[PDB]
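**Student:** Protein chains in written order, with PDB author numbering: chain 8, 20 to 57; chain AO, 19 to 163; chain AM, 6 to 153; chain AK, 10 to 149; chain AZ, 20 to 87; chain AN, 1 to 190; chain AQ, 15 to 116.
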Amino acid sequence: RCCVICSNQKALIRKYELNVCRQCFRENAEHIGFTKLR
Amino acid sequence: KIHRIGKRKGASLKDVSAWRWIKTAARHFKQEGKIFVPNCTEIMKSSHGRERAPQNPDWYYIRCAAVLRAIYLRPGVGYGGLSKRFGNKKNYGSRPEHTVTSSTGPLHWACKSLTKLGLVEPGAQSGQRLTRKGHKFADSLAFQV
Amino acid sequence: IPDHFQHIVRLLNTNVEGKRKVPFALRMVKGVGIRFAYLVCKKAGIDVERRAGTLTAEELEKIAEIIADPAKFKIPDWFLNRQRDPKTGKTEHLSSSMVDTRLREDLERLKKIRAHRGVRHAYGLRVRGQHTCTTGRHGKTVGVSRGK
Amino acid sequence: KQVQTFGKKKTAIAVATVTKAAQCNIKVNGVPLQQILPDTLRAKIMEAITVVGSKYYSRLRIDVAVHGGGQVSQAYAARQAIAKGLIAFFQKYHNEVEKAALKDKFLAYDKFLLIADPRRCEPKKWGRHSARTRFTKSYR
Amino acid sequence: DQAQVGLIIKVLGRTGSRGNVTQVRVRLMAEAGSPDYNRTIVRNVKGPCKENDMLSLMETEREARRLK
Amino acid sequence: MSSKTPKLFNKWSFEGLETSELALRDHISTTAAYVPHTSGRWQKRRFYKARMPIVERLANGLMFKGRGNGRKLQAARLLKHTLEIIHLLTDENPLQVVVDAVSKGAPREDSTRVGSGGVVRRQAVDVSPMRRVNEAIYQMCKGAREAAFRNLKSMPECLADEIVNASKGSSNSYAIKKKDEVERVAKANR
Amino acid sequence: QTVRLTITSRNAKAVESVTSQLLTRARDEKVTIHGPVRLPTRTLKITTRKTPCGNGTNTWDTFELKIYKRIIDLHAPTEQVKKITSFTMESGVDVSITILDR
RNA sequence: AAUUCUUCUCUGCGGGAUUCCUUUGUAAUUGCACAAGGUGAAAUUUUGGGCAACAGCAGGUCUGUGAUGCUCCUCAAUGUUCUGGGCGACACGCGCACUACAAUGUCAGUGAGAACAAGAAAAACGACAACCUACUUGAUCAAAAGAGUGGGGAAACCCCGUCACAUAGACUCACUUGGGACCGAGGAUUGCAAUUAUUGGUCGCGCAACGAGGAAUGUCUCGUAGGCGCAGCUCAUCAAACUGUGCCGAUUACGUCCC
Numbered sequence: 020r021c022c023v024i025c026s027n028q029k030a031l032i033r034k035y036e037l038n039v040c041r042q043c044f045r046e047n048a049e050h051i052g053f054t055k056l057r
Numbered sequence: 019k020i021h022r023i024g025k026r027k028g029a030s031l032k033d034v035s036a037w038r039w040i041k042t043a044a045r046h047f048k049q050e051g052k053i054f055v056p057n058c059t060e061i062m063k064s065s066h067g068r069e070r071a072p073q074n075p076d077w078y079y080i081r082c083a084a085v086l087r088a089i090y091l092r093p094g095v096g097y098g099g100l101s102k103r104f105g106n107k108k109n110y111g112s113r114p115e116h117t118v119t120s121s122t123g124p125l126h127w128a129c130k131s132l133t134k135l136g137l138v139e140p141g142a143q144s145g146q147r148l149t150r151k152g153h154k155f156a157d158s159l160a161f162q163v
Numbered sequence: 006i007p008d009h010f011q012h013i014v015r016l017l018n019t020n021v022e023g024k025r026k027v028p029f030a031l032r033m034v035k036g037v038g039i040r041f042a043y044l045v046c047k048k049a050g051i052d053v054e055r056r057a058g059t060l061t062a063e064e065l066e067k068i069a070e071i072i073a074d075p076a077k078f079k080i081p082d083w084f085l086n087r088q089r090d091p092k093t094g095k096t097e098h099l100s101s102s103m104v105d106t107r108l109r110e111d112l113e114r115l116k117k118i119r120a121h122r123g124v125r126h127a128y129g130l131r132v133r134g135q136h137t138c139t140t141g142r143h144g145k146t147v148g149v150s151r152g153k
Numbered sequence: 010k011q012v013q014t015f016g017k018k019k020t021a022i023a024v025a026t027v028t029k030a031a032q033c034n035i036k037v038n039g040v041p042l043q044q045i046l047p048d049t050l051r052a053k054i055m056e057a058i059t060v061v062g063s064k065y066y067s068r069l070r071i072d073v074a075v076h077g078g079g080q081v082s083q084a085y086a087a088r089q090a091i092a093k094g095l096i097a098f099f100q101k102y103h104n105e106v107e108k109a110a111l112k113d114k115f116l117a118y119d120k121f122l123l124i125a126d127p128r129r130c131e132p133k134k135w136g137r138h139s140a141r142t143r144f145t146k147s148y149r
Numbered sequence: 020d021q022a023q024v025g026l027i028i029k030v031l032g033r034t035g036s037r038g039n040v041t042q043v044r045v046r047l048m049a050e051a052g053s054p055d056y057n058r059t060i061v062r063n064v065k066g067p068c069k070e071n072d073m074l075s076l077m078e079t080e081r082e083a084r085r086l087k
Numbered sequence: 001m002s003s004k005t006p007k008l009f010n011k012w013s014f015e016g017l018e019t020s021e022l023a024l025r026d027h028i029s030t031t032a033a034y035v036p037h038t039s040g041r042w043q044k045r046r047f048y049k050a051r052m053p054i055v056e057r058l059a060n061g062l063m064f065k066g067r068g069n070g071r072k073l074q075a076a077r078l079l080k081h082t083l084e085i086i087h088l089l090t091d092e093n094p095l096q097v098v099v100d101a102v103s104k105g106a107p108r109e110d111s112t113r114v115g116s117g118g119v120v121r122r123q124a125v126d127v128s129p130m131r132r133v134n135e136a137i138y139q140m141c142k143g144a145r146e147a148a149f150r151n152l153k154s155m156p157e158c159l160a161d162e163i164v165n166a167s168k169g170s171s172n173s174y175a176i177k178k179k180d181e182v183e184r185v186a187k188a189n190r
Numbered sequence: 015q016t017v018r019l020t021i022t023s024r025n026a027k028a029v030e031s032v033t034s035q036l037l038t039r040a041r042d043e044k045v046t047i048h049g050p051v052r053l054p055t056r057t058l059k060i061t062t063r064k065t066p067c068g069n070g071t072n073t074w075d076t077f078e079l080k081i082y083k084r085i086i087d088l089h090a091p092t093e094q095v096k097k098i099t100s101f102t103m104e105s106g107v108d109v110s111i112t113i114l115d116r
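(1) Checking contacts by CB at 8 Å: is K63 (chain AO) closer than that to chain AM?
(2) Who are the near neighbours of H48 (chain AQ) in its chain, counting only those whose CB is closer than 6 Å to its CB and skipping five residues on each side?
(3) Rounded to whole angstroms, what is the Cα-Cα separation between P41 (chain AK) and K25 (chain AO)?
(4) Going by the C-beta, is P36 (chain AN) closer than 7 Å to any heavy atom of the ligand SAM?
(5) Just mark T42 (chain AO) as buried or exposed, buried being the case when its beta carbon has 16 or more other beta carbons within 10 Å.
(6) With a 10 Å radius around its C-beta and 16 neighbouring C-beta atoms as the bar for buried, classify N93 (chain AN) as buried or exposed.
(7) Taking the straight line between their C-alpha atoms, what separation do you get for residue 71 (chain 8) and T22 (chain AQ)?
(8) What does a CB cutoff of less than 6 Å around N165 (chain AN) pick up in its chain, not counting 5 residues either side in sequence?
(9) Identify the continuous alpha helix (DSSP H) that holds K177 (chain AN) and give its terminal residues.
(10) Label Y79 (chain AO) either buried or exposed according to how many other C-beta atoms from any shown protein chain fall within 10 Å of its C-beta, with 16 as the threshold for buried.
(11) Since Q123 (chain AN) sits in a beta bridge, which residues does DSSP pair it with?
(12) Keeping to the same chain, check which residues put their C-beta closer than 7 Å to that of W77 (chain AO); ignore five residues upstream and five downstream.
(13) Going along the stretch 73 to 105 of chain AM in order, which residues come within less than 9 Å of chain AO, judged by CB to CB distance?
(14) Going along chain AQ, which residues have a C-beta under 7 Å from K29 (chain 8)?
(15) Quick one: any contact between the stretch 93 to 103 of chain AN and the stretch 16 to 31 of chain AN, if contact means 3 or more CB pairs under 8 Å?
(16) Using a beta-carbon distance cut-off of less than 9 Å, what residues from the stretch 113 to 124 of chain AN approach chain AZ?
(17) Please say whether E109 (chain AN) and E78 (chain AZ) have beta carbons closer to each other than 8 Å?
(18) Give the secondary structure of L86 (chain AZ) by DSSP, where H, G and I count as helix, E and B as strand, and everything else as coil.
(19) Select from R77 (chain AN), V35 (chain AN), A50 (chain AN), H81 (chain AN) the residue whose C-alpha is nearest the C-alpha of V133 (chain AN).
(20) On a Cα-Cα basis, can you pick out the residue from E70 (chain AZ), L31 (chain AZ), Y56 (chain AZ), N63 (chain AZ) that is closest to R122 (chain AN)?
(21) What residue range does the beta strand (DSSP E) around residue 150 (chain AK) cover?
(22) Cα separation between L114 (chain AQ) and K19 (chain AO)?
(23) Determine the closest residue to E97 (chain AM) out of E110 (chain AM), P81 (chain AM), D111 (chain AM), with distance taken between C-alpha atoms.
(24) How do the stretch 76 to 85 of chain AQ and the stretch 48 to 58 of chain AQ stand: do at least 3 beta-carbon pairs fall below 8 Å, yes or no?
(25) Give the straight-line distance between the Cα atoms of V132 (chain AM) and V124 (chain AM), rounded to the nearest whole angstrom.
(26) May I ask you to list, following chain order, the residues of the stretch 38 to 56 of chain AK that have a beta carbon less than 8 Å from some beta carbon of chain AN?
(27) According to DSSP, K83 (chain AQ) sits in a beta bridge with which residue or residues?
(28) Just mark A21 (chain AK) as buried or exposed, buried being the case when its beta carbon has 16 or more other beta carbons within 10 Å.
(29) Would you kindly check if the distance between the Cβ of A87 (chain AK) and the Cβ of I54 (chain AK) is under 8 Å?
(30) For the stretch 51 to 71 of chain AN against the stretch 28 to 39 of chain AN, are there 3 or more C-beta pairs whose distance is under 8 Å?
(31) Taking beta-carbon pairs under 8 Å, can you tell me which members of the stretch 75 to 90 of chain AK lie near chain AQ?
(32) I'd like to check one pair, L99 (chain AM) with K47 (chain AM): are the Cβ atoms closer than 8 Å?
(33) Check the DSSP bridge columns for residue 6 (chain AK) and list the partner residues they point to.
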């Protein structure tokens, strides 16, 4: 489990829903359609 | 005008009145090994005594009211804290084990089988005496004991 | 009603308090509350016992003979303590001082022979996990490391 | 000759079915009024019937569908479906006066049914533990 | 007996550092054909108080906060 | 009234009741109720606590120290047993005894710090109606856990034993012993 | 062949901007359509600690989605559905649907 | 098995709440407002959050990142290795933070029995199904296991414990029919490999503390604390962690500035 945007295989990566976005964080990587509410 | 449970309070009644009817009647089936615990995470001996003696009509009143079930669904009635659990939070799980044998008993003796519930449903009739015949000094009315 | 006697009753080489329940007092004999549905297959039929029947109404002398070599009585192997053994075939029981004499033979090899958790275990620190330390509040003695 | 109504507490939903007859007794969610096990709920679920008109008003055949709460909130879900359930009738099948007598006698009784008394558990939040309880400080 | 049961006429104010006790003017509750009022003796009450409270005074005829 | 208006604990008499002490009389709950377990927004507001039956208030105040506790329904069981023991001990409506056991329980007067800024100083301070209500039930049932902790041969009786006594004013009750011993810290200080 | 429509898209005024509008291509025309309501809404909720680092006020994000499903039902036009869906061009991220059953 | 429906559920967009009457109320010719009360599901930023200025802190991160300045390394390398093995986790009861267990007769321990909940997840390509779960066999003989069938791409699921039970159940002035720690023997399991991975797995150790906690210290006020429990996240295997859902449901203040 190296992950998508980086070599990482660290900054433990969300498996949740199989989107693997943590490499460059799901904060930096966005437009996924997530929003900040609550 | 009498239905399964529902007229009865089968909590300790519609079971127990069936129990004597299961035990005193030689008809039914009790497998060999009772030395083993029926129920989730219990180191206490399976009971004081009369182990299947709580078990069977559950499965019947389990069958009856809940219609289709099985080995997997019926232990939902077998309850436990699952708490022996050692220095951790306790958690909760049911018993698949004696299930098969338990429900084989009704696979004999006039109660339907590898799919459904029952044949004749004695439960009403053989239970139809509860409001008639009380154990506890059942009050009923001044007419019935 | 009539209780001719109550006492202590030495069952297997052990002082067993007379307790108004038989299995729970049979507990001291290195059998355990699981092993006291044996009280049925230790060939007593009496129920919810009082100190009215050991020897007297158990003919007890046999019962404590069952807690040893139980295969001669009707018992599964799933309940036997030593089940298949490294020196010989099973002694269907751990009971009385036969337990620790075999411990003093067994208690060398693992605690001799190294482990992480097992040598933790060998020094009895901690069960399953990486906590050794603030483990142990409310008292004195837990775990202890001396190489000086 | 019928109405229908719904009880609610927290998540617990009671639904009051309605059928008519003047001789009759009510099942619990699934089981008659008399035989519901925790006494101390029964006499409550008696209050719908007993208090206000015990007998003069309603023996009506009634069944209730209660899902969505734990045991006691399902005992409060129920009775409301009844008091709601009963008040439904005397508006549809009876005069304002017979209604106006009843719902007043409820109003004085308490909010037996004015409403679900809406209270729902607070969402857990942040690093806050459960709700409003904070992860605790040290070496402060 | 010692029970002499007065009314709070009013909350004469909050008094004290913590938020607890509250100055109150008390109207002795007992009424007789020779009506014995104080008429009013100021008191300090322990815990929450309210406009028509019945305040039975076990130590009567003490002149309250005065000093501090 | 054919069990329409009138109320029953299961079957019990809530009508003939009143408080004895004109001090906290006429604000304390005079019961019409069946079960002490009711759910409403109990105290949204400031003095709302004085409305509901002490029967609740006790049953409500009934089980502090929660460990695996069921509270109201577990409480009501205990109050099934508690009242019954009491009336056919005391030959009265235990609704009275309990009502009579609230008043004699709490101190009419207290002694607090009025001292300013770390100074521990005294004043005689005069207790308020809701504090004889409140502290009674609070300490009243505090006697339970104490009398009830280990040495019990006594399952529910502990609660019966400090309601009986207080209703007798006796100085043995953990209830009343603080009503006096606080006033040894009251009339002494003043 | 009574057909079925599952429109799954997130964004504002898409799930609406087809089914509401764009079935009136069939709705008010020669087709006869069975509208139900949209199925329930989902939220896909991930929560990640805001700190790239270790240090924090122990703070967390909660990020969410909403996925909006609409079911819309038919009798059987033959080849019209191929024309039906193709009438109307307007949306994005919205979902095309090919379904048979019963 | 035929009928009609929208009470219950589904959801996009809307209604609703506003200081609106009342109190000669508090205060006050103005004003801005406050209170006790009314109506109402809701009654005073309705409720819980998200957001959030301007200045700063040599706050943390060069272990998130082809995000980056130096300047150390550059091939028996500080690079890389499905590279091999070991550590990161060790036992001086060391000192400290947070959590889980709990010792009772208030479930109290346990054996059975009755009811009922909710947010949430579930899957595979450059090959010819690897995720869950229901049923029933494993069952002429433990438990957890093994295996075969069955649909779900998610509105495939709803029997969670707390509690209720007097079921006339068993305990019974005690470190104990309550600690589950330490413990050696078998055995099933995920998988390259478990020498404690782990466990409704058995069953031995119980005689290891332990018996309301010294000063000192924590955080909140209404569906709240507390208690209970369930999924999720990590995850081949493992939750005393966190994230969220729901059930049981409290006493105390509706205050002050003393700390």
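Virtual Cβ for every residue (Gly too), placed ideally from N, Cα, C.
**Tutor:** From the atom records:
(1) In the second sequence, counting from the first residue as 1, residue 63 (chain AO) sits at position 45. Closer than 8 Å to some Cβ of chain AM, the Cβ of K63 (chain AO) qualifies, so yes.
(2) Within the seventh sequence, numbered from 1, the residue matching residue 48 (chain AQ) stands at position 34. The answer, listed in chain order, is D87.
(3) Residue mapping note: residue 41 (chain AK) aligns to position 32 of the fourth sequence, counting from 1. Residue mapping note: residue 25 (chain AO) aligns to position 7 of the second sequence, counting from 1. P41 (chain AK) and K25 (chain AO): Cα-Cα distance of roughly 7 Å.
(4) Absence of the ligand SAM from the depicted structure is noted, as is the absence of any ligand whatsoever, leaving it without description.
(5) Position 24 of the second sequence holds residue 42 (chain AO). So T42 (chain AO) ends up on the exposed side.
(6) Numbered from its first residue, the sixth sequence carries residue 93 (chain AN) at position 93. The residue in question, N93 (chain AN), is buried, as its Cβ has 16 or more Cβ neighbours within 10 Å.
(7) A query on residue 71 (chain 8) cannot be resolved here, the shown segment of chain 8 reaching from 20 to 57 and no further.
(8) Locating residue 165 (chain AN) in the sixth sequence gives position 165, where the first residue counts as 1. Closer than 6 Å at Cβ, skipping near neighbours: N172, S173.
(9) The residue given as residue 177 (chain AN) occupies position 177 in the sixth sequence. Where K177 (chain AN) is concerned, the enclosing alpha helix (DSSP H) stretches over 177 to 183.
(10) Translated into positions along the second sequence, residue 79 (chain AO) becomes position 61. Classification for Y79 (chain AO): buried.
(11) Here residue 123 (chain AN) refers to the residue found at position 123 when the sixth sequence is read from its first residue. The beta-bridge partner set that DSSP reports for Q123 (chain AN) consists of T112 (chain AN).
(12) The sequence position of residue 77 (chain AO) within the second sequence is 59, counting from 1. If we look at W77 (chain AO) and ignore the five residues flanking it on each side, its Cβ neighbours are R92, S120, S121, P124.
(13) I80, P81, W83, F84
(14) The sequence position of residue 29 (chain 8) within the first sequence is 10, counting from 1. Chain AQ residues near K29 (chain 8): none, gap ~13 Å exceeds 7 Å.
(15) yes
(16) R113, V114, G115, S116, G117, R121, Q123, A124
(17) Translated into the one-based positions of the fifth sequence, residue 78 (chain AZ) becomes position 59. Translated into the one-based positions of the sixth sequence, residue 109 (chain AN) becomes position 109. In contact: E78 (chain AZ) and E109 (chain AN) (Cβ atoms closer than 8 Å).
(18) As a first step, residue 86 (chain AZ) is located in the fifth sequence; it is residue number 67 there, counting from the start. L86 (chain AZ): coil per DSSP, three-state reduction.
(19) Here residue 133 (chain AN) corresponds to residue number 133 of the sixth sequence, with the count starting at 1. Of the candidates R77 (chain AN), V35 (chain AN), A50 (chain AN), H81 (chain AN), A50 (chain AN) places its Cα closest to the Cα of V133 (chain AN).
(20) Residue 122 (chain AN) sits at position 122 when you count from the first residue of the sixth sequence. Ranking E70 (chain AZ), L31 (chain AZ), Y56 (chain AZ), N63 (chain AZ) by Cα distance to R122 (chain AN) puts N63 (chain AZ) first.
(21) Residue 150 (chain AK) lies beyond the range of chain AK shown here (10 to 149); nothing can be said about it.
(22) The residue given as residue 114 (chain AQ) occupies position 100 in the seventh sequence. The residue given as residue 19 (chain AO) occupies position 1 in the second sequence. Approximately 47 Å, taken between the alpha carbons.
(23) Your numbering for residue 97 (chain AM) matches position 92 in the third sequence. Cα-wise, what sits closest to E97 (chain AM) is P81 (chain AM).
(24) With the cut-off at 8 Å, the stretch 76 to 85 of chain AQ and the stretch 48 to 58 of chain AQ touch.
(25) The residue given as residue 132 (chain AM) occupies position 127 in the third sequence. The residue given as residue 124 (chain AM) occupies position 119 in the third sequence. Roughly 11 Å between the two C-alpha positions.
(26) Taking 8 Å as the Cβ-Cβ cut-off against chain AN, the residues of the stretch 38 to 56 of chain AK that qualify are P47, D48, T49, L50, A52, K53, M55, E56.
(27) Reading the seventh sequence from its first residue, position 69 is the one you call residue 83 (chain AQ). Per DSSP, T22 (chain AQ).
(28) Stepping through the fourth sequence from its first residue, residue 21 (chain AK) is reached at position 12. So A21 (chain AK) counts as buried.
(29) Counted from its first residue, the fourth sequence places residue 54 (chain AK) at position 45. Counted from its first residue, the fourth sequence places residue 87 (chain AK) at position 78. Taking 8 Å as the Cβ cut-off, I54 (chain AK) and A87 (chain AK) qualify as a contacting pair.
(30) yes
(31) none
(32) For this step, residue 47 (chain AM) is matched to residue 42 along the third sequence. For this step, residue 99 (chain AM) is matched to residue 94 along the third sequence. Not in contact: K47 (chain AM) and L99 (chain AM) (Cβ atoms no closer than 8 Å).
(33) Limits of chain AK in this structure are 10 at one end and 149 at the other, which puts residue 6 (chain AK) out of reach.
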